[PDB]
K.L.:
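Please read through the structure below; I'll follow up with questions.
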There are 2 protein chains.
Amino acid sequence: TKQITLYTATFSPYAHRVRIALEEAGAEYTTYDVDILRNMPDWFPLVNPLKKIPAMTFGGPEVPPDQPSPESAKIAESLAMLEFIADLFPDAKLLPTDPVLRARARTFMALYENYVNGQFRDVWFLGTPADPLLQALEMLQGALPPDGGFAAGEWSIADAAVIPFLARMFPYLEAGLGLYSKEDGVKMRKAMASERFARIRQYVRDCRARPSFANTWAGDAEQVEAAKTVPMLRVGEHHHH
Amino acid sequence: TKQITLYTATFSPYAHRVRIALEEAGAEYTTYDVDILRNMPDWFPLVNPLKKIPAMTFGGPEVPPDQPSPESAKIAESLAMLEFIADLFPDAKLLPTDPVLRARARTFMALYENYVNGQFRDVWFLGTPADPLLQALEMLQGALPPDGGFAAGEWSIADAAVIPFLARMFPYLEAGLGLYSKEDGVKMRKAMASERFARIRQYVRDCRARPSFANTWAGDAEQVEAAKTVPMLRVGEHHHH
Ligand SMILES: N[C@@H](CCC(=O)N[C@@H](CS)C(=O)NCC(=O)O)C(=O)O
Ligand SMILES: N[C@@H](CCC(=O)N[C@@H](CS)C(=O)NCC(=O)O)C(=O)O
Ligand SMILES: [Ca+2]
Ligand SMILES: [Fe+3]
Ligand SMILES: [Fe+3]
């Protein structure tokens with residue numbers, strides 16, 4: 001019954017993670033947009049001293065999100081929020097019950113966070129070479145069950161962790177967003193359409209088809225427009241190797 | 001009943017995490033050292049295709065660790081292993097039961113992984129300036145309960161995740177091991193002895209005092225000798241300015 005407020009931003013894949021999990025949980029929750037990269041409100045460090053989105057408050061009196069209460073628990077870091085939502089809503093089965101299948105979910109989240117996420121960041125924001133990102137995506141694809149299904153078989157928070165980033169990749173590439181070279185843009189678009197990546201394309205389709213994605217996605221073109229507000233995505237700048 | 005085998009290396013803080021959790025769980029398990037950085041056995045990709053330590057096998061027939069069975073589950077990534085051990089040994093209370101306290105543990109692990117570990121890597125492997133690492137350590141220290149205790153209050157896997165790295169910092173600095181300059185080494189040693197970092201010193205003491213640390217630590221001098229075998233620590237080498 002305790003209130004949940006998620007501070008969010010449309011462009012943010014980290015915040016998208018948590019919206020997906022809250023949808024899958026059937027939770028009652030409030031979202032509040034924060035212009036974190038261009039105009040952070042003076043009160044925002046009260047809900048997250050790290051000054052990052054997402055931020056979550058839990059419990060305390062019901063208050064407007066721009067008047068946060070000292071009495072609410074302040075939860076930081078998207079993957080911590082994913083596990084928190086799974087803990088709060090056990091009947092929603094946001095993780096498997098079998099320990100080995102649960103470990104597949106945790107391993108998948110760690111493979112993404114430790115080896116793929118930084119490659120997405122460095123290719124898009126710094127224009128580093130795309131081959132290491134493609135190699136990391138092929139590795140992550142190899143962790144998926146071959147015949148279909150989600151990271152741990154049944155849908156779990158591991159898939160909430162990963163789909164926000166994979167789903168942005170395709171329309172960002174088509175719109176030319178990112179500081180990578182033309183050559184690497186072509187390389188990535190060809191690779192992600194090639195037979196090499198058939199499995200991860202099916203994974204993306206399967207994740208996007210769920211109501212939790214549809215109800216937390218602004219649409220491809222709208223998400224592209226939101227990403228254009230990110231200052232680090234300096235239009236007209238490209239890096240070459 | 002199902003066997004646990006942890007592939008290990010004395011120098012490795014990631015492997016150390018899992019040894020600590022297994023000790024706290026009261027698990028029966030085998031450890032098997034792998035010279036992963038200098039002489040990886042040809043069979044090791046069968047237990048971890050990423051070619052990283054730690055690796056874990058679970059279940060399957062009892063076999064010599066250098067003859068791994070296809071029937072065992074292959075678990076990768078140290079933090080996934082920590083959550084796995086918590087799942088396997090619920091009576092050991094390796095996480096709190098309260099959702100908010102559990103989220104404190106998950107947040108603390110994410111703070112370390114996302115903001116602290118990479119600063120340790122920059123300073124120790126590249127010799128970049130120490131101030132950003134000291135700032136990240138002060139942030140992590142600020143997430144501890146100021147009056148005492150572990151990251152989530154009671155001891156949890158969050159403390160298994162973090163103590164291997166903090167516990168290596170002090171003896172490595174005393175040995176001058178790492179690519180930072182003598183000047184930054186003195187700066188870090190002075191800072192870590194100052195009142196600024198009294199709370200994290202108490203944390204390191206409290207974690208080290210537990211049998212799970214004593215039984216998984218070779219001793220300060222011995223751990224330093226094992227770290228000198230790590231190629232990227234480049235023993236005898238330092239970068240300046
Ligand atoms: N590790 C965080 C990453 C969050 C993150 O970096 N969020 C961005 C927006 S997509 C942000 O708030 N950036 C602001 C900053 O770093 O100052 C998580 O998993 O929640
Ligand atoms: N994300 C991994 C990191 C493991 C790791 O990097 N292990 C090192 C030893 S400290 C290793 O095996 N390095 C060999 C390599 O990267 O190729 C985990 O949490 O287990
Ligand atoms: Ca596979
Ligand atoms: Fe972002
Ligand atoms: Fe290492």
Side-chain angles (χ1 to χ4, degrees), chain A residues 2 4 14 18 48-52 55-60 72-90 95-115 117-118 121 135-136 138-140 142-143 151-152 157-158 161, chain B residues 2 4 14 48-52 54-60 72-90 95-115 117-118 121 135-136 138-140 142-143 151-152 157-158 161:
Chain A
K2 295 183 144 196
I4 302 167
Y14 298 99
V18 188
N48 189 1
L50 298 178
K51 299 183 283 188
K52 294 171 195 286
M56 177 176 287
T57 63
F58 176 73
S72 62
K74 310 305 192 303
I75 302 169
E77 295 298 296
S78 56
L79 295 187
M81 295 172 196
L82 293 189
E83 295 279 355
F84 178 64
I85 296 165
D87 286 334
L88 284 180
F89 298 93
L95 281 166
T97 52
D98 176 76
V100 166
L101 291 181
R102 287 166 69 91
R104 288 191 190 167
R106 270 64 172 268
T107 294
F108 196 77
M109 286 188 281
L111 295 175
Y112 178 79
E113 212 77 335
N114 289 327
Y115 312 117
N117 193 51
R121 178 200 62 212
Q135 297 164 8
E138 186 168 2
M139 178 278 296
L140 186 76
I157 57 170
Chain B
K2 287 178 183 167
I4 301 166
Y14 294 99
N48 187 3
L50 300 175
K51 298 188 273 255
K52 290 179 194 291
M56 175 177 290
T57 64
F58 178 72
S72 61
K74 309 309 190 293
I75 301 171
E77 298 296 296
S78 61
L79 294 189
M81 296 174 198
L82 301 198
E83 297 276 356
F84 177 60
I85 294 158
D87 286 333
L88 283 181
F89 299 92
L95 282 165
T97 55
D98 176 75
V100 170
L101 289 184
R102 292 166 64 92
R104 290 194 189 167
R106 273 62 174 269
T107 294
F108 195 75
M109 291 188 284
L111 297 178
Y112 181 80
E113 292 299 65
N114 291 322
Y115 311 122
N117 188 254
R121 291 184 59 97
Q135 301 189 333
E138 184 166 24
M139 179 278 299
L140 186 73
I157 57 171

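The chains referred to below are lettered A, B, ... by the order of the sequence lines, with proteins before strands, and numbering in each begins at 1.
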K.L.:
So for A:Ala110, is it side chain, backbone, both, or neither that comes closer than 4.5 Å to the heavy atoms of chain B?
P.N.:
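A:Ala110 touches chain B through backbone and side-chain heavy atoms alike.
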K.L.:
Side chain, backbone, both or neither: which part of A:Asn114 has a non-hydrogen atom closer than 4.5 Å to chain B?
P.N.:
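Side chain only.
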K.L.:
CD of A:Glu77 to CG of A:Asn48: how many Å apart, nearest 0.5 Å?
P.N.:
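Interatomic distance, A:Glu77 CD to A:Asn48 CG, rounded to 0.5 Å: 7.5 Å.
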K.L.:
State, with a plain yes or no, whether a side-chain heavy atom of A:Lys52 is found less than 4.5 Å away from one of A:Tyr14.
P.N.:
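Not touching, per the 4.5 Å side-chain cut-off.
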K.L.:
Which one of A:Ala76, A:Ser78, A:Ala86, A:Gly118 has the most heavy-atom pairs closer than 4.5 Å to chain B?
P.N.:
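So the answer, after comparing A:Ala76, A:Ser78, A:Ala86, A:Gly118, is A:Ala76.
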K.L.:
Measuring heavy-atom distances to chain B, does A:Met81 have an atom under 4.5 Å in its side chain, in its backbone, in both, or in neither?
P.N.:
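Neither; nothing under 4.5 Å.
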K.L.:
Under 4.5 Å, counting heavy-atom pairs only, tell me which of A:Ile75, A:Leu82, A:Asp87 racks up the most with chain B.
P.N.:
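Looking at each option in turn, the highest pair count goes to A:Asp87.
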K.L.:
Identify which part of A:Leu50 has an atom lying under 4.5 Å from any heavy atom of chain B, answering side chain, backbone, both or neither.
P.N.:
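Contact with chain B is through the side chain of A:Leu50 alone.
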K.L.:
Just wondering, do A:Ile85 and A:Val18 contact through their side chains at under 4.5 Å, heavy atoms?
P.N.:
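With C-beta onward as the side chain, the pair touches.
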K.L.:
Checking A:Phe108 against chain B: side chain, backbone, both or neither under 4.5 Å from a heavy atom?
P.N.:
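Looking at A:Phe108, nothing touches chain B.
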K.L.:
When rounded to the nearest 0.5 angstrom, what is the spacing between CZ in A:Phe84 and CZ in B:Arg104?
P.N.:
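Here the rounded value is 11.0 Å.
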K.L.:
Working to the nearest 0.5 Å, report the span between CE of A:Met109 and CG of A:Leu79.
P.N.:
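Answer for the CE-CG pair, A:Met109 versus A:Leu79, is 6.5 Å.
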K.L.:
Quick one: does A:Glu83's side chain get under 4.5 Å of A:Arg106's, heavy atoms only?
P.N.:
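SC-SC contact between A:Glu83 and A:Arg106 confirmed.
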K.L.:
Looking at B:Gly59, B:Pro99, B:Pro49, which makes the most heavy-atom pairs under 4.5 Å with chain A?
P.N.:
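Maximum pair count with chain A is reached by B:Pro99.
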